[PDB]
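1. opening piece of a complex, kept in its complex position:
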Amino acid sequence: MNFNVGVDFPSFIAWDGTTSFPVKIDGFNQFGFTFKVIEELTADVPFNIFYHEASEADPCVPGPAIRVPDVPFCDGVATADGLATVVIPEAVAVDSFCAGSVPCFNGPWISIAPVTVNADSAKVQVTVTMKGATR
């Protein structure tokens, strides 16, 4: 049989290629991204990971974007500027996907946007999958 996996592991869009959508993660205790390429690339596309927090005007609307910091692992060295980044390599085929997640939470909102909005950035899609509901 097959199940209603959307009940327990919902997913929301984060970057459809033209616009970014802040995604609320407060109600869930885990998450992770998922990158897909719809057409062959031409050059590496780096991505920036931002996070928001509740605005003063309305406690249910995100505030301005804040860049997520880096936490070095025990067997590595910190980034040049100490901020997290994502790089999709040139070798990714149109028929494959990638998945990666940040080690820490920080605020109750998150989003991902490319460093530069160009013709290469339109060739990618990003989705966020939750896991585990605290309510």
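-> Cool, got the structure. Numbering: from 1, shown residues only, chains lettered A, B, ... in the order given.

2. alpha carbons only for contacts and neighbour counts from here, please
-> Noted.

3. residue A:103 contacts residue A:71, doesn't it?
-> Yes: look at residue A:103 against residue A:71 with Cα atoms under 8 Å: they come within range, at 7.5 Å.

4. helix, strand or coil for residue A:125?
-> With DSSP: H, G, I helix; E, B strand; the rest coil as the basis, residue A:125 sits in strand.

5. what about residue A:15, how many neighbours?
-> 22 (other Cα atoms under 10 Å).

6. quick one, what contacts the nearest residue to it once chain neighbours are set aside?
-> Leaving aside its sequence neighbours, residue A:15 sits nearest to residue A:126 (Cα to Cα, 6 or more residues apart in numbering; 5.0 Å). Going by Cα atoms under 8 Å, 6 or more residues apart in numbering, residue A:126 touches A:13, A:14, A:15, A:16, A:33, A:34, A:35, A:36.

7. could these be laid out in TSV, adding distance to residue A:45?
-> Rendered in TSV, the data for the contacts of residue A:126 read as follows (distance: Cα to Cα, whole Å):
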residue	distance to residue A:45
A:13	19
A:14	16
A:15	13
A:16	15
A:33	16
A:34	15
A:35	12
A:36	12
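
8. partners of residue A:32 in the sheet?
-> residue A:129 (DSSP bridges).

9. and it, how many neighbours?
-> 15.

10. which phi and psi does residue A:6 have?
-> Phi and psi for residue A:6, reported as degrees, to the nearest 10, are phi -60, psi -20.

11. how much space separates it from residue A:14?
-> 17 Å (Cα to Cα, to the nearest Å).

12. settle it for me: which of those two has more neighbours?
-> Using other Cα under 10 Å, the more surrounded residue of residue A:6 and residue A:14 is residue A:14, with 21 against 10.

13. wait, that one touches residue A:127, no?
-> Yes: in this structure residue A:14 lies within contact range of residue A:127 using Cα under 8 Å: 5.3 Å.

14. hang on, residue A:14 in a strand?
-> Yes: the assignment for residue A:14 by three-state DSSP puts it in a strand.

15. residues contacting it?
-> A:20, A:21, A:22, A:23, A:111, A:112, A:126, A:127, A:128.

16. now those residues in TSV, with distance to residue A:96?
-> Output for those, formatted as TSV (distance: Cα to Cα, whole Å):
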residue	distance to residue A:96
A:20	22
A:21	23
A:22	25
A:23	24
A:111	22
A:112	20
A:126	13
A:127	14
A:128	17
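
17. and which of the residues you listed is nearest residue A:61?
-> residue A:22 (9.7 Å; Cα to Cα).

18. drop chain B onto that structure:
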Amino acid sequence: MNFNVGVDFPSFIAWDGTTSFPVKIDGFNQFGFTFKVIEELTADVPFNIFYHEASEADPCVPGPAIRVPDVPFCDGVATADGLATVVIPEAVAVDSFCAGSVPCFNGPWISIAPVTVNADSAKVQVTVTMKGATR
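-> To build on what is shown above, here is chain B added in:
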């Protein structure tokens, strides 16, 4: 602490608001749907669920769209025309999501699209979540 949920439960965009994208469910043994709203609705939006067979000219490209049939449960009525359909009601708020699924697999590709394209339809987003892989 945190997990790379994207490795075990990948998700793919199905309806970004203006275009429909086929999703390959062949490699995974279960899946589901997740609907979310981005702006207030005014009239119920019905959705059509399809499946595609492999294309004749190239095995790695989907073929023409075919509409999923219905399967009644233990006790209950079949659809009026015998096909599967999904309806998003008015009461859904912008801050909530709805989940559903299909009891049978049929073809290797799956798809979804609204019955009509208009202002109300463009305000919805759909995503497909896969469970554990088998390759």
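
19. and the neighbour count of residue A:15, now that chain B is in?
-> Look at residue A:15: counted by other Cα atoms under 10 Å in any protein chain shown, it has 23 neighbours.

20. just the buried positions in stretch A:100-113, please.
-> A:100, A:101, A:102, A:105, A:107, A:108, A:109, A:110, A:111, A:112, A:113 (16 or more other Cα atoms under 10 Å in any protein chain shown).

21. and the host helix or strand of the last one, which strands flank it?
-> Here residue A:113 sits within strand A:109-114, counting by DSSP states H and E. Neighbouring strands of strand A:109-114 in its sheet, by DSSP bridges, are strand A:23-24 (antiparallel), strand A:45-51 (antiparallel).

22. those into TSV, with extra columns for mean neighbour count?
-> Output for the strands paired with strand A:109-114, formatted as TSV (neighbours: other Cα atoms under 10 Å in any protein chain shown):
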stretch	mean neighbour count
strand A:23-24	20
strand A:45-51	19
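
23. of the buried residues of stretch A:100-113, closest to residue B:59?
-> When the buried residues of stretch A:100-113 are compared against residue B:59 (criterion: Cα to Cα), the nearest one is residue A:100, at 29.9 Å.

24. so that closest one versus chain B, what's the distance?
-> From residue A:100 over to chain B the distance is 6 Å, taken as Cα to the nearest Cα, to the nearest Å.

25. picking up where we left off before, could you check the angle strand A:124-130 makes with the strand holding residue A:113?
-> 160 degrees (axes from the mean of the first three to the mean of the last three Cα atoms, to 10 degrees).

26. save the buried residues of stretch A:100-113 as JSON lines, and put in distance to residue A:133 too.
-> Shown next, in JSON lines, are the buried residues of stretch A:100-113 (distance: Cα to Cα, whole Å):
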{"residue": "A:100", "distance to residue A:133": "20"}
{"residue": "A:101", "distance to residue A:133": "18"}
{"residue": "A:102", "distance to residue A:133": "19"}
{"residue": "A:105", "distance to residue A:133": "15"}
{"residue": "A:107", "distance to residue A:133": "17"}
{"residue": "A:108", "distance to residue A:133": "14"}
{"residue": "A:109", "distance to residue A:133": "16"}
{"residue": "A:110", "distance to residue A:133": "17"}
{"residue": "A:111", "distance to residue A:133": "20"}
{"residue": "A:112", "distance to residue A:133": "22"}
{"residue": "A:113", "distance to residue A:133": "26"}
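
27. would you turn the strands paired with strand A:109-114 into a markdown table with distance to residue A:135?
-> A markdown table is the format used below for the strands paired with strand A:109-114 (distance: least, Cα to Cα, whole Å):
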| stretch | distance to residue A:135 |
| --- | --- |
| strand A:23-24 | 14 |
| strand A:45-51 | 22 |
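
28. tack on chain C:
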Amino acid sequence: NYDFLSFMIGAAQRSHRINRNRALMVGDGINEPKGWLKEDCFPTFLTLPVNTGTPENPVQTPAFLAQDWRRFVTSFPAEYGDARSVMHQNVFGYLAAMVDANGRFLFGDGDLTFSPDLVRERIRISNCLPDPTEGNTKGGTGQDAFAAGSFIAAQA
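-> Putting chain C onto the chains we already have gives this:
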């Protein structure tokens, strides 16, 4: 005076076995177990063609030859345990009846009773697999040539 209930039980079990065997080899994953030959994940080799015409006109018709079989069988890695091959009885018959320039055979050269019983421990023969010859109607002398992309045999 006969046990029709037991007969039907046996018939149902036999049908289950026969359908299961076709699955695991050709079934698709939607409602049946996915078969290896339908999944098509094993690396594939492609027999070399032959110019059956004249040098001034390259025809390049498909063909099948004994040394192609030899190369295929010898190309399998030795690391992966003990290999066994699977194929069709018509293909085995075609393979075992080839002759060289002098008219004598080149597989089982001096054996008067060559038969699949001799090589049963390395070669498994089942008729449920695709048959490139299509009932001994292709590949022979004076007949239409093979069809490109046809399945011949698998080893694993």
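
29. check the neighbour count of residue A:15 one more time with chain C there.
-> Neighbour number of residue A:15 under other Cα under 10 Å is 23.

30. looks like it contacts residue A:125 (just checking).
-> Yes: using Cα under 8 Å, residue A:15 makes contact with residue A:125 at a distance of 5.7 Å.

31. from residue B:105, how far out is the residue of chain A found nearest chain C?
-> At 10.3 Å from chain C, residue A:1 is the closest residue in chain A, using Cα to the nearest Cα. Residue A:1 sits 9 Å away from residue B:105, going by Cα to Cα.

32. contacts only, for the residue in chain C that chain B sits nearest to.
-> Of all residues in chain C, the one sitting closest to chain B is residue C:30 (5.8 Å; Cα to the nearest Cα). Contacts for residue C:30 were tallied using Cα atoms under 8 Å, 6 or more residues apart in numbering or on different chains; they are B:105, B:106, B:107, B:108.

33. so the last one touches residue B:26, yeah?
-> Okay, so that is residue B:108. Yes: with contact defined as Cα under 8 Å, residue B:108 counts as touching residue B:26 (4.9 Å).

34. with adjacent residues omitted, what lies nearest to the residue nearest to the spatial centre of chain C?
-> Centroid-nearest residue in chain C: residue C:87, 2.9 Å away (criterion: Cα atoms, centre = their mean). Spatial nearest neighbour of residue C:87, chain neighbours left out: residue C:153 (4.7 Å); criterion: Cα to Cα, 6 or more residues apart in numbering or on different chains.

35. for residue 7, grab phi and psi.
-> Reading this off chain A. phi -70, psi -40.

36. wait, chain C was what I had in mind.
-> phi -60, psi -40.

37. surely residue C:95 forms part of a helix?
-> Yes: assessed by three-state DSSP, residue C:95 belongs to a helix.

38. just give me the neighbour total for it.
-> Neighbours of residue C:95 (other Cα under 10 Å): 16.

39. so what's the backbone phi/psi at the closest residue to it other than its chain neighbours?
-> Residue nearest to residue C:95 in three dimensions, not counting chain neighbours: residue C:66, with 7.2 Å by Cα to Cα, 6+ apart. With angles defined as degrees, to the nearest 10, residue C:66 sits at phi -60, psi -40.

40. OK, contacts around residue A:68?
-> With Cα under 8 Å, 6+ apart, residue A:68 has these contacts: A:49, A:50, A:51, A:83, A:84, A:106.

41. hmm, who's touching whichever helix or strand residue A:87 is part of?
-> For residue A:87, the element it lies in under DSSP H and E is strand A:85-88. Outside strand A:85-88, the residues that touch it by Cα under 8 Å, 6+ apart are A:44, A:45, A:46, A:47, A:48, A:49.
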